[PDB]
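Residue numbers (the entry's author numbering), protein chains in the order written: chain Z, 117 to 174; chain A, 59 to 116. What follows is a single structure, written as structure tokens, with notes after it.
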Amino acid sequence: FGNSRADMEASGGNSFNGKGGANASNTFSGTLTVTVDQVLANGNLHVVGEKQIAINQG
Amino acid sequence: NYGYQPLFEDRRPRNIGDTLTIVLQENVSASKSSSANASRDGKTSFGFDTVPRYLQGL
Numbered sequence: 117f118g119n120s121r122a123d124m125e126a127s128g129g130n131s132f133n134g135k136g137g138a139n140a141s142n143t144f145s146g147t148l149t150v151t152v153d154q155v156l157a158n159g160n161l162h163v164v165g166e167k168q169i170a171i172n173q174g
Numbered sequence: 059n060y061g062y063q064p065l066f067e068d069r070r071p072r073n074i075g076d077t078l079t080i081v082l083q084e085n086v087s088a089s090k091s092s093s094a095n096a097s098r099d100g101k102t103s104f105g106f107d108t109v110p111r112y113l114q115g116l
């Protein structure tokens, strides 16, 4: 053990941090009058409708 | 003719083309964590500050 033959010192480190995420949203509010353009075999009604508003510059 | 229709039974989809309302309500959350540690400390000493004569050679 003389002459620092067995003296030793070591250190080590390892680090990892990952993360992730996502999100989506949508809202819609209004009222629209549509018209029936087809009646299906079970009585369900296909409906289509369009509202066009022009206010000033569009 | 749309066939036989029950009077008091709740309106359910029964055939191809029938509609059904799905209320999407999903809430999933999982987590895990762990750790481990180990430690060891050792100190040792011996000193002869004053050595009597009969012990000198040792």
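Note that beta-carbon positions come from the ideal geometry of N, C-alpha and C, so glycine has one too.
For Z:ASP153, the uninterrupted beta strand (DSSP E) segment begins and ends at 151-155. In the DSSP assignment, Z:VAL164 forms a beta bridge with Z:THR151. Rounded to whole angstroms, the Cβ separation of Z:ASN158 and A:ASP76 is 7 Å, and the two are in contact under 8 Å. In the structure shown, the three-state DSSP call for A:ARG98 is coil. Here Z:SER120 carries a helix assignment [DSSP, helix/strand/coil]. Here DSSP, grouped into helix, strand and coil, assigns A:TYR60 to coil. Under the 8 Å criterion on CB atoms, Z:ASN142 is classed as non-interfacial with respect to chain A.
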